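Q: So I pulled this structure from the PDB, and the sequence comes with it:
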Amino acid sequence: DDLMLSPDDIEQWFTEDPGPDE
Amino acid sequence: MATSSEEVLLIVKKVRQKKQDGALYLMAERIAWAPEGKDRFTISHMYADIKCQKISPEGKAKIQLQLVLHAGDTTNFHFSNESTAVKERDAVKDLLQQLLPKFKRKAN
């Protein structure tokens, strides 16, 4: 990012809810 | 809402959000965060503003739990409490996944 934000080393999740959008 | 007229569901400590240590406070209809030793919450998101939720596993030097909002914004919560990180990471996830279906329902 611009600074040392979370995506400094992050996007290895198990995305508990990556489907339903109701 | 807004004022401290709501009950706290979960109080997580030493939770670093955006590389700053604080505390993660779960509320009846929303999730909020406030730096360690503070009384004024800096972040607040209603469970109805949350589109998706992810969970960062153990193995890293930082454990996380993030909420993907319908607006496209994402709030990743780093549990930096060596004593309760993992345990509270699940407790929050649990409460969130249980509360989400109650507020999340508007075709968005």
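A: Here it is on my side, so go on. Residues are numbered from 1 along each chain as shown, chains lettered A, B, ... in the order given.

Q: Specify the local secondary structure of the residue in chain B positioned nearest to chain A.
A: Closest residue of chain B to chain A, CB to the nearest CB: residue B:54 (3.5 Å). (Each C-beta comes from the backbone N, C-alpha and C, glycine too.) Counting by DSSP: H, G, I helix; E, B strand; the rest coil, the backbone at residue B:54 sits in strand.

Q: Not counting sequence-adjacent ones, nearest residue to it?
A: Nearest non-adjacent residue to residue B:54, counting by CB to CB, 6 or more residues apart in numbering or on different chains: residue A:13, 3.5 Å away.

Q: since we're on the one you found, how many residues are nearby?
A: Counted with other CB atoms under 10 Å in any protein chain shown, the neighbours of residue A:13 add up to 18.

Q: residues contacting it?
A: By CB atoms under 8 Å, 6 or more residues apart in numbering or on different chains, residue A:13 lies in contact with B:54-57, B:64, B:66.

Q: Likewise for residue A:8?
A: Counted by CB under 8 Å, 6+ apart, residue A:8 has contacts residue A:1.

Q: Would you map the helices across chain B?
A: Ranges of helices within chain B are B:85-103, based on DSSP state H.

Q: For it, which residues are neighbours of chain A?
A: B:18-19, B:51-57, B:60, B:62, B:64, B:66, B:74, B:76, B:78, B:93, B:97, B:100, B:104-105, B:107-108 (CB under 8 Å from any CB of the partner chain).

Q: which residue ranges form the strands in chain B?
A: If you assign secondary structure with DSSP state E, the strands in chain B sit at B:8-16, B:21-27, B:30-35, B:43-46, B:50-56, B:63-69, B:74-79.

Q: and stretch B:99-108, how far apart are its ends?
A: Using CA to CA, to the nearest Å, the end-to-end distance of stretch B:99-108 comes out at 16 Å.

Q: Please apply the same query to stretch A:2-20.
A: 31 Å.

Q: buried residues in that stretch?
A: A:6, A:10, A:13, A:16-17 (16 or more other CB atoms under 10 Å in any protein chain shown).

Q: Among these, find me the one that's closest to residue B:88.
A: Of all the buried residues of stretch A:2-20, residue B:88 sits closest to residue A:16, with 15.6 Å by CB to CB.
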